[PDB]
């Protein structure tokens, strides 16, 4: 019945968000609906301004990837005053969304952490951790999940590094400071593959291919390195493509007054050597 679907994206500064946007555009068109789209470029005030703009264009429902879980509270208010519902995608809000279309980020962090335990073996070792969004639950859960997997294992220690916002360039900067400060490093866990591969370049420039690398997402470049080398060990699947389709399908139901679950889980799974070969392909991200 031709819906107007609003989509406020948080950023486009890493390939995940670009693919998520593209998948969302294609799903809206496939079901014959109009996608009104804005990218906040990592900026809270731009996001809340963009949401008002979308509301003015008459969206029937708002899909949002919050730049910040409390910073978006004005857009939630604006949505309600407009008589429309809100669907979060990828990053949750505390409350106020009809549905969250995402993944169990703790369980992904746990998945990866178990791969680290197994790989690091009995020597264990120090792991440097490079994180995503400060104050957001996606980063908190990927941290806590990973931690849960190595806790009670004193031969492993974690160095909690900074929040580099899922951006490779920023993780490069952090890996330098951290490499020099912790040369006894045996492992690096980044909360996405984009950042992990930035860390990996810095390691290679300093001849530390011996340091194992752990990520999240199933970025094809990461999957290829897992398949074809020994340094990049594991990641967890976080297909933006499937997430985008589920976000738009879920928003179409909402806009029409249908009941949807509060959490739509777009599914995940471990990528390591044992199965990376089957996931190599042409797209930007691997998928089940």
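Positions refer to the first chain, counted from 1.
Residue stretch of maximal mean CA temperature factor, 81-89 vs 119-127: It is 119-127.
Greater mean Cα temperature factor according to the PDB record, 253-261 or 55-63: Here the higher of the two C-alpha B-factor means belongs to 253-261.
Residue selected from 187, 109, 135, 198 by maximal Cα B factor: In the PDB entry, the greatest C-alpha B-factor among 187, 109, 135, 198 is found at 135.
Residue with maximal Cα B-factor (values as given in the PDB entry) among 31, 238, 48, 235: Largest recorded C-alpha B-factor: 31.
Third assignment of residue 114 from its chain's C-alpha B-factors: Tercile = highest for this residue's CA B-factor.
For residue 2, the third of its chain into which the C-alpha B factor falls: Its C-alpha B-factor belongs to the highest third of this chain's values.
Cα B factor band for residue 74 (lowest, middle or highest third within the chain): Bottom third by C-alpha B-factor.
Residue 213, C-alpha B-factor rank within chain (lowest, middle or highest third): It belongs to the lowest third of the chain when residues are ordered by C-alpha B-factor.
CA B-factor ranking of residue 202, expressed as a third of its chain: Lowest third.
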